[PDB]
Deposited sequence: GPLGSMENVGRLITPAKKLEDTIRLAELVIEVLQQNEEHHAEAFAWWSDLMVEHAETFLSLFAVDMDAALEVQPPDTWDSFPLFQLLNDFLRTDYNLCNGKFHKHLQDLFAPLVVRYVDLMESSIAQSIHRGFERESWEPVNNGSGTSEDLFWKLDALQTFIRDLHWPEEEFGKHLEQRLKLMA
């Protein structure tokens, strides 16, 4: 009868209830455990979205100090390249800020200033190799090495063909 179709090893436990019950409990453990992962993911995002917004904003307020220091610059003078190096070397290996609003502004603000320096040193090596056309190399090689060393240390974030 019902009581005997229920008795196992001296205890009244329908083995299809001790399973149907274990199921519903597993259902609840899973749901709590997932809800916990959702909470963690969602808080990560909130704090992230806000800290990136904060970073992009404080970089704007800094930009004005940078844009301003790059007009006090005598034209075709490039002791401002260490600034681009420091700033771009941080932003490019930064998941959050790479190609962000400030990064693109730092590229634009320096994109003419970089080409106006390579065109100026490529014209001073081209003239010096063309100096063998009028009648009457060690120092010249250094300027090739200088331009190559410079270009490699630029780690430019685009693909600049020309």
> Numbering the deposited sequence from 1, which residue ranges have no coordinates here?
Replying inline: 137-147, 174-184
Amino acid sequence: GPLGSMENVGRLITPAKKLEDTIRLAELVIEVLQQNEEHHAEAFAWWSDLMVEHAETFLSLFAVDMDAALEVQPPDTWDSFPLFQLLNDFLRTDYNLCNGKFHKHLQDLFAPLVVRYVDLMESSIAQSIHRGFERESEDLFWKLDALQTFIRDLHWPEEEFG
From here on, numbers count along this sequence of modelled residues.
> Per the PDB record, is the mean Cα temperature factor higher over 118-126 or over 95-103?
Replying inline: 118-126
> On average, which has the higher Cα B-factor in the deposited entry, 106-114 or 127-135?
Replying inline: 127-135
>> Can you tell me whether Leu83 has a C-alpha B-factor in the lowest, middle or highest third compared with the other modelled residues of the same chain?
In response: middle
